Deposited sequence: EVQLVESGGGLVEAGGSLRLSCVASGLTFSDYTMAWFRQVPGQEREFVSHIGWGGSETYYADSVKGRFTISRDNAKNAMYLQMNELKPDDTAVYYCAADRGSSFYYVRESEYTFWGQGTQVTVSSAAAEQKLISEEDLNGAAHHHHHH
């Protein structure tokens, strides 16, 4: 369903680019999001992007650093991370839901979910 790529050991200050491709849906009617989960704590919310792409929201800890985007010509979304402090190492999940919720922070508002990214 939701394949994803990117992630791996970084040099603590460089950049990184996670990507999330959809393979069974239109990706023109689906609103996407990125969550992050660390073992020992609940799953955190990273970012969210509605249809088209002009409506993006970020968490209150990664504002300004991460850049969310989506491209429909290949059915993909991208989270471009630019600081990578030593406290954001975690698994990163990609979520997709047919609609756009007012509670975009809630993970229960996303029907489809992707795999996990390296820790």
Numbered from 1 on the deposited sequence, the unmodelled stretches are 1 to 2, 119 to 120, 124 to 148
